[PDB]
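No hydrogens, no waters, no symmetry mates; every other heavy atom, side chains included, goes into these values. Quick note on labels: first sequence line is chain A, next is B, and so on, each numbered from 1.
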Amino acid sequence: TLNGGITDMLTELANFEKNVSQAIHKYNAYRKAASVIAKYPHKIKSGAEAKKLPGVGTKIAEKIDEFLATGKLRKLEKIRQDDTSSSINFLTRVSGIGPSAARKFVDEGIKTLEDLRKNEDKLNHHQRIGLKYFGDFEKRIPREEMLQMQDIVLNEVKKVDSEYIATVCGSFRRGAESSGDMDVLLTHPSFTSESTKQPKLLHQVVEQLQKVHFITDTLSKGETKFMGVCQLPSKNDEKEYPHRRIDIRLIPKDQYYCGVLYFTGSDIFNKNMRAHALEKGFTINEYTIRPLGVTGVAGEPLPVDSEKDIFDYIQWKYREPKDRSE
DNA sequence: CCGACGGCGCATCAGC
DNA sequence: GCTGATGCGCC
DNA sequence: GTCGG
Ligand SMILES: [Ca+2]
Ligand SMILES: [Ca+2]
């Protein structure tokens, strides 16, 4: 990380714009800039040098010049000083509390972890579980634990129905030595774009994982997406593992490659790739890649038999998951 | 200058 | 109840 | 906040 100071600065600004200003485009701009700088293979010596990069404009150039000169940014110094900004930024670190709810809480005088813990009845379900495991969800997951988690999940769905396929995606699939959480893609042949030949396909898997005490809580749950909490079992006389966030996404079996491309990410890589696709006259979601018509209306799904086929359509050389960490 | 910025699942609420 | 908007979440 | 046109 040659430019960790700069990318941290920009990430902090992104978070401020999102959580406090509620300026989502500024949020995205700062994150794009942080990402392009993060992969830039030189120690940056000036804001002019940075402005050469796409997504870094005049305003970020000037900030970079300030940061390089002084080691800090006065704008961020003041934001860190501000009680209301500081409080809102903190509250959004709880899962389920976004920028709107955080500001509303701060209005009511709920602005610390302690305040939240005495006001649980003022939270919805997601928020209550996010608060319950606030400390644990701050922790990262070593790959060794991710491998244990993978082995449990893959073997338990195998027990429900051997025709399930579970694939761990996200940062794990990109080969990260540690992950923020666990993302699991699920398919079953009875769920395609053409038909659903069995009910409760996701529910049965969630229930089995609950049965063996792996899944411990649920943040939200529908027919194709589960958002919840899980925990590795621990051995005799040793401290319990931290509770971990887990997402499970059931995708039509014939749309696996669009699905695994989406769920492998990174999020910025996906934004970049989908933005690029548009410029080639295609639109990509987790299901399909479709041509855009003369009017900009999405056409019918294109044939896809591999991840590379999706890259092929938009004229990108294939990129392995490990090179998608943007 | 200015439109566009990736795409969507689940929970919640107002209006009906 | 539903539908559409909004909030928050995922990559 | 940034970029393409
Ligand atoms: Ca993840
Ligand atoms: Ca996740």
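- Residue A:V94 is classed as a sugar-phosphate contact, given heavy-atom separations below 4.0 Å to backbone atoms only.
- Between the side chain of A:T264 and the main chain of A:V260, a donor-acceptor pair closer than 3.5 Å is present.
- Along DNA chain C, the nucleotide nearest A:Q127 and the nucleotide nearest A:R31 are compared for position; the residue whose nucleotide lies closer to the 5' end is A:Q127.
- A:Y30 comes within 4.0 angstrom of the backbone, heavy atoms only, and of no base.
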Would you give me the side-chain donor-acceptor pairs under 3.5 Å for residues 244-252 of chain A, sequence neighbours excluded?
residue: A:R244; atom: NH1; partner: A:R140; partner atom: O; Å: 3.4
residue: A:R244; atom: NH2; partner: A:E145; partner atom: OE1; Å: 2.8
residue: A:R245; atom: NH1; partner: A:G228; partner atom: O; Å: 3.1
residue: A:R245; atom: NH1; partner: A:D247; partner atom: OD1; Å: 3.0
residue: A:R245; atom: NH2; partner: A:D247; partner atom: OD1; Å: 2.9
residue: A:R245; atom: NH2; partner: A:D247; partner atom: OD2; Å: 3.4
residue: A:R249; atom: NH1; partner: A:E286; partner atom: OE2; Å: 2.9
residue: A:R249; atom: NH2; partner: A:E286; partner atom: OE2; Å: 2.7
residue: A:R249; atom: NH2; partner: A:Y287; partner atom: OH; Å: 2.7

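- The side chain to side chain donor-acceptor pair (under 3.5 Å) search around A:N272 returns A:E326, not counting sequence neighbours.
- As judged by a 4.0 angstrom heavy-atom cut-off over every strand, A:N19 is placed among residues making no nucleic acid contact.
- Using a 4.0 Å heavy-atom criterion, one finds that A:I97 contacts the sugar-phosphate atoms exclusively.
- Other residues, nucleotides and ligands contribute over 12 non-hydrogen atoms within 6.0 Å of the CD atom of A:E138.
- Here the separation of D:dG5 from B:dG6, taken at their P atoms, is 16 Å to the nearest Å.
- The neighbour count for A:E77 CD, taken as heavy atoms of other residues, nucleotides or ligands under 6.0 Å away, is above 12.
- One hydrophobic cluster, built from ILVMFWY side chains closer than 4.5 Å, holds both A:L185 and A:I310.
- The six-membered or imidazole ring of A:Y257 lies away from that of A:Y262, with a centre-to-centre distance of 6.0 Å or more.
- The CD-P distance, from A:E279 to D:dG4, rounds to 8 Å in whole Å.
- Remark: nothing in residues 305-326 of chain A comes within less than 4.0 Å of DNA chain B through any heavy atom.
- Around atom CD of A:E223, no more than 12 heavy atoms belonging to other residues, nucleotides or ligands sit under 6.0 Å away.
- The NZ atom of A:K59 sits 15 Å away from the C1' atom of D:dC3 (whole-angstrom rounding).
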Sugar-phosphate or base contact per nucleotide [nucleotides 6-14 of chain B; S, B, -; heavy atom under 4.0 Å]: BBSBSSS--

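- The pentose of D:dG1 belongs to the south class of puckers. Its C1'-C2'-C3'-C4' angle has a negative sign.
- Nucleotides of DNA chain C that come within less than 4.0 Å of any heavy atom of chain A span, from the 5' end to the 3' end, C:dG7 to C:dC11.
- A donor-acceptor distance shorter than 3.5 angstrom exists from the side chain of A:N285 to the backbone of A:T288, with no hydrogens or angles considered.
- Within 4.0 Å of A:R245, counting heavy atoms only, lie sugar-phosphate atoms of the nucleic acid but no base atom.
- Between the side chains of A:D151 and A:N155, a donor-acceptor pair is found at a separation under 3.5 Å.
- Residue A:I60 is classed as a sugar-phosphate contact, given heavy-atom separations below 4.0 Å to backbone atoms only.
- Side-chain heavy-atom separations under 4.5 angstrom define the hydrophobic clusters, and the remaining members of the one that includes A:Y27 are A:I24.
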